[PDB]
Amino acid sequence: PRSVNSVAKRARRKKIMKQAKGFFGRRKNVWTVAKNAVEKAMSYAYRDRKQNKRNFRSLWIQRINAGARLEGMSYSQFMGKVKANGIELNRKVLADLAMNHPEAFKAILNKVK
Amino acid sequence: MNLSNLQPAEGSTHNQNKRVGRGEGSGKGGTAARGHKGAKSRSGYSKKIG
Amino acid sequence: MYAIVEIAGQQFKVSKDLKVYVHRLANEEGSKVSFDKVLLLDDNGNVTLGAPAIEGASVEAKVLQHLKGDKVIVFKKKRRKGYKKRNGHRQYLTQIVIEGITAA
Amino acid sequence: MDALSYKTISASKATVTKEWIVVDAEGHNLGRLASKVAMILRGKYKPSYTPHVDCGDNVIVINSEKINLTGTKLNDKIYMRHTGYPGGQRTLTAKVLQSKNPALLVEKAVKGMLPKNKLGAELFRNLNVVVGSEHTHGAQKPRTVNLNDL
Amino acid sequence: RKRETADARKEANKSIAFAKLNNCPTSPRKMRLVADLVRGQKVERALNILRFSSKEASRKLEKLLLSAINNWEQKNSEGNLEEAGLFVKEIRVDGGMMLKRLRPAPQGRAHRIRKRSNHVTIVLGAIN
RNA sequence: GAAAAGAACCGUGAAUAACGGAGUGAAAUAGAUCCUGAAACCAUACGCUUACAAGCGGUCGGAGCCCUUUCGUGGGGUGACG
RNA sequence: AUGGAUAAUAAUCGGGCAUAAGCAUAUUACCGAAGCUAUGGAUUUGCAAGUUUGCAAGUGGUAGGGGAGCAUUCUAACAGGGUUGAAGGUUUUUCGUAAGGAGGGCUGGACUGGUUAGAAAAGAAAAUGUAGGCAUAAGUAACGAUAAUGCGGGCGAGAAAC
């Protein structure tokens, strides 16, 4: 018998086009331009997930360096004396302390120094 | 038991959905199963036996 | 009084009455859990920073629910080769509510 | 569903506090002073630095006329200023450029160590390069900072 | 849903006074030029603008506004017209079904010519 | 449209061009281009942004401002800046 | 280290610039990848318990080879739904490794479809592919012999052309 996939043919592309919502120009309504943009958007989203984990560590390191240079120190020497002291606090918590709790940060610095 | 519980022996039925040239993702797609250009990839090719 | 505790594989900013999202724990829903892995405490007047896994410190929590995060689409594709694949992925998580930070 | 529960707080425009640092450039090398000036202007000595916010201080260099270069750079440093017309590549010298508005030396030294963005063009407006020994800001109460204490 | 109930609920046009001009043999891009000068103006300033406009698309647009005014007067029978202070709330110029003809171009080819139409809609609203 | 019961009559309009009413119907946004009627395409209203800023226009971070709310380390829209 | 000519759109340590921020040796700390590890989860073979679990080794991929499946149209049995609103169209929530499934509001006003088994006109993004509809160029080219028009009356709502 004659089988035509007419309803699901468009129901499949509606779902792929609904996530191209907010795109400039015809990248949001035209099918062959939206499909080429949604796949590239998903390709960009697969990566940048490995980069979000190394772009935040850079910010943490910069904030730790800034908070440690206020006490006449450097990030390299501070991290060396912290790692060779049995502390084991990650850079996220260390930067959160350097930003929000300067008293706790300077206490850690004076204890490891 | 009934006409609504028919079940053949395990291993007698197979996929029956395998069609060649149905998009990348089902295996055989694009250059369906004949590789790239050549005489063995043209429509109507037959192997001369002798 | 706030402490930092490594619960599953990561450190937090555990407070006295906080709700945390951690990885999937092997504990039934509505049960009590204790973590003796406090790395730093501060009871508003003194920071008792010491070696990891302070002896007497321990954070107690209660398991609220086991849920799953928002689905992320992992899409891989190589141009001009015809290779592509997309898969959905959720993350198993467990919500906990803190109900005490026993010091010493 | 915001399943993080522990985020890194970034500073906003309503929380930053800009200072009015004054820097004496009497005894200092051009690049050696410009590096620290650019770092202060960007803002990296505060443990609240967000890379996308205009944090930092405002720097007032108050002795730019008294800056010095090490080798024969005052006589062998060239600045290219192509105009856009055929055969319009003009070349200046470090000795001729400081004869008119000596602040241009420090200005062009600092501009180049900046992120080269909209944030980085907005940071250059916070730098005040005075040729004399006294600025014209007045009712701002600026504090002097020695670059050898950083 | 009950279609009679939906229609009785949507028949709220007993208050709003509007007018339509369908199947006008004029292009929409040339009437959207004169609609912008009328959109938002008072009901008499709009009439003056349409009467003294140097466009052929205003001779039939100046009487659509009069028909809209007459419809407003019909709907609001109890009350005068100058105390209300009518204006032009909304005015939209849409497209229409176009005719297709052929023009013989040089060297034995034919080009297409589309005689376009347009639909005009106007609502008045009152200040009171 | 089940069946023409296919809009008598009134008003604007030069007009039996069109429309607004009034009657038919369960429906007139079923009015003869007439069952439902999508997409491309063309417009109007509202909310957020945009006139010193260079490139496959997206992605990851990120204020501010608008709606909703089991009240939330809840949702939706726009998004200065990196 | 120094001299030993250089090519035609404005140039170069990537740039600022550096007399060390150059070079040679030695030392320490740190940064640094999808590498390794820490946590959670999924899957393929091999080995055991059973009727999914445990351990070990893995899990980039074109031509190509193998295994499990989804949707579509129809048919055979059992069991259903619908004018108290079916299919279809538009938004929203949720579930699954994905193809996809289920529920709610609005339009719509008569069909539809679960389980097992079967068949095939069984899935488009490209073929200077075909048919219909609609944009861009754009209110742009052009309005088809440079023999020529001006005024006053007439009909008429309306006249440069009657």
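All values below come from the heavy atoms of this structure, side chains included, with hydrogens, waters and symmetry mates left out. The sequence lines fix the lettering, A, B, ..., with proteins before strands; numbering per chain opens at 1.
With a cut-off of 3.5 Å on both Watson-Crick or G-U wobble distances, the partner of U44(F) is given as none. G109(G) makes up no base pair with any nucleotide shown, lacking Watson-Crick or G-U wobble contacts both under 3.5 Å. Under the Watson-Crick or G-U wobble criterion, with both distances below 3.5 Å, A8(F) is left unpaired in every strand shown. Partner assigned to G100(G) is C95(G), using Watson-Crick or G-U wobble distances below 3.5 angstrom. Base-pair partner of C74(G): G118(G) (Watson-Crick or G-U wobble, both distances under 3.5 Å). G54(G) is paired with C47(G) under the Watson-Crick or G-U wobble criterion, all donor-acceptor distances under 3.5 Å.
The six-membered rings of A125(G) and its strand neighbour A126(G) lie with centres under 5.5 Å apart and planes within less than 30°, so the two bases count as stacked.
No canonical Watson-Crick or G-U wobble pair links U84(G) to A147(G) with each of its two hydrogen-bond distances shorter than 3.5 Å.
Under the 90° criterion around 0 for the glycosidic angle, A122(G) counts as anti. In textbook terms, a nucleotide whose glycosidic angle is within 90° of 0 is syn, while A32(F), being further out, is anti. Glycosidic conformation of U33(F): syn, with the torsion inside 90° of 0.
Computed from coordinates, the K15(A) NZ to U90(G) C1' distance equals 17 Å when rounded to whole Å. The nearest whole Å value for the distance from the CG atom in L64(E) to the P atom in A17(F) is 16 Å. Atom CD of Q74(E) and atom P of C10(F) are 13 Å apart (whole Å).
Note that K13(C) lies in the cation-pi zone of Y2(C), set by a 6.0 Å cut-off to the ring centre and a 45° limit from the axis.
In this structure, the side chains of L93(C) and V22(C) stay at 4.5 Å or more apart for every pair of heavy atoms.
Side-chain proximity of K28(B) to the nucleotides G65(G), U59(F), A27(F) is greatest for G65(G).
The shortest distance between the side-chain N/O atoms of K9(A) and the OP1/OP2 oxygens of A99(G) is not below 4.0 Å.
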